[PDB]
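Just the one chain here, laid out as structure tokens, in the form deposited without 3-methylpentane-1,5-diol.
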């Protein structure tokens, strides 16, 4: 996409959970299930505002625990999240570290969704004892997402992806150039 960000409506991802999603990188939280997406897909860098992932809705399905590879299941439910947040590329950390020159994480996954625990998404998705998974995602209409957006936390906050057709398309827009 614009800026060299890797923004595909479907693909393979790693999945984790996190706490404290009330002041996320898009600048609005939401009451439904939400996630952070890896920087290369988010469409912005820390401190640069919303990227084009903001507000888009995705169905997530976990189907492998790479940390317990002999575990056959069961996995969780398929859930629909709204992206409100950024999982940034960080040093000494493989998760979310996808870049334009090296587009996969330690599991070979080109995307990451960090599912917020606060509002219930991670409890639907991760079996007890299996809090990091790999699997698939597909962008869906936000008609498939229960929830209400929170208020703007700063000028420029954006979840406009929530009414956009699936990628390829532009709503909030990407900021600058993707990490190399």
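Residue numbers count along the first chain shown, from 1.
We do not show the form deposited with 3-methylpentane-1,5-diol bound, though everything after this point is about it.
Taking non-hydrogen atoms only, residue 30 approaches 3-methylpentane-1,5-diol to within 4.5 angstroms in the bound PDB entry. Among residues of the shown chain, residue 146 is one whose heavy atoms approach 3-methylpentane-1,5-diol to within 4.5 Å in the bound PDB entry. Contact check for residue 138: no non-hydrogen atom falls within 4.5 Å of 3-methylpentane-1,5-diol in the bound PDB entry. Of the heavy atoms in residue 119, some are within 4.5 Å of 3-methylpentane-1,5-diol in the bound PDB entry. Of all the residues from 165 to 180, those having a non-hydrogen atom no more than 4.5 Å from 3-methylpentane-1,5-diol in the bound PDB entry are 175, 176, 177.
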